[PDB]
Ligand SMILES: CC1=C(c2ccc(O)cc2)[C@H](c2ccc(OCCN3CC[C@H](C)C3)cc2)Oc2cc(O)ccc21
Ligand SMILES: CC1=C(c2ccc(O)cc2)[C@H](c2ccc(OCCN3CC[C@H](C)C3)cc2)Oc2cc(O)ccc21
């Protein structure tokens, strides 16, 4: 029932905070410590992501089961687009945190990492060339949340999918509204809409390559479990 | 040059450039290697894909080097969307060839295959649900060709062609009688399906690699030879 303006306002209000890496001026940054710091940040960002997701219009209208499925599908894509967004104004660097700004040479320290760094930096550059606006960014991130898991899900399921498609349609309306307000021609509007949504194909690509890379590290866990996501999502009262 | 085409001229060019549907190489008199059949078919399909790519307006304006890199990035996605397209009118089945229609039970035959089968089937179902038209299909396939490798003067040209295809898609929908709102909603719906096709190609590549076959990706030299400089 939201208007385009109401949709933008809700998404902007729902934005999670930018988190920091730990501070210590007695411990100089080490290559050996890098993955540990990144993991610690990612895990903390995930908790805020679940909060954010619950504030995306239409998301909590879904079953808890399907909310979990959508986050299972989208969580790394969402981490990545978030990273690319806060890195946009910093050519050649990834702003994992304001006190953890890394370049591709530092990425070389971890086997297989520089390939993923390069893809993320390329996305940052693309954002920059398009002059991506914050209002557009929060629309794109919401689209990832709703769309990424919708092809891999009963009567209830059909109802859910119809709802997701209607919300996705409203976000399309919202993007078009924003561009119309920016003074773009109708032609420029459709063209930019297309340009923006094609970036999501690259973000999906990066998530899949990234997931493969994280698994190759043979750590205890990579993905947040169904259990964990449910626990974070399945709040009482 | 090819950017000077009208929307109608663009559509006609793409429709005319469509590759043929090939047959599986087996003797139908004999008892029914699935991956063997599929690999043989994919490899033959690839040749026709390269000749199709050369007819996508704007593609051959790129350097041969860049043409090859786009094909390197896009070939599996393009195989997949073509498979989904010809499987649309066959619910629950994948029409790999007219003489090779497989259902998901058949897919189980091969380890790790049914997961990718189900994704392909879901895409075919989505196409049918959206009543995807042939004119839209050829635009989407062209977008995959130009977009899949663009992150890995030339880039400006690629974006110009992509913008032209967007114009063409919107033109088709307007002609179909859709309102402006329906036009940009349907455009978005179609482009979001492309992210799923990318996903499928990613998981498909993982699966093909896990089989530890001889090769998986076509070499630079193979693609370049097919391009016939
Ligand atoms: C994009 C990205 C990272 C990354 C690094 C390599 C790679 O192949 C894919 C993602 C790494 C990264 C990403 C995900 C990681 O998963 C650790 C396992 N956690 C994830 C959630 C679950 C509770 C367990 C560990 C490190 O760092 C980031 C931190 C952020 O706050 C936001 C994005 C990242
Ligand atoms: C989608 C698809 C196939 C497939 C099966 C499992 C999988 O994990 C990914 C793709 C299999 C398939 C797809 C690609 C294959 O690559 C074999 C290696 N070739 C590819 C080109 C290069 C010259 C070497 C082998 C089998 O069959 C198809 C045949 C088609 O004419 C069109 C699409 C396919």
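All residue numbers here begin at 1 and follow the chain in the order shown.
Heads up, the Cβ atoms here are built off N, Cα and C, so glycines get one too.
If you compare A:151, A:226 in Swiss-Prot, the phosphotyrosine annotation sits on A:226. DSSP classifies residue A:226 (phosphotyrosine) as helix under the three-state reduction.
Proximity to ligand 1 at the level of Cβ atoms, with a cut-off under 6 angstroms, picks out A:213 from the recorded positions A:86, A:139, A:213, A:226. Gap check: residue A:153 and residue A:154 flank 3 missing residues, and their CA atoms are separated by 10 Å.
For the pair residue A:213 (17beta-estradiol binding site) and residue A:139 (S-palmitoyl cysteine), the C-alpha distance works out to 28 angstrom.
Looking at A:45, A:86, A:139, A:213, A:226, the recorded positions in this record, the fewest other C-beta atoms within 10 angstroms of the C-beta turn up around A:226.
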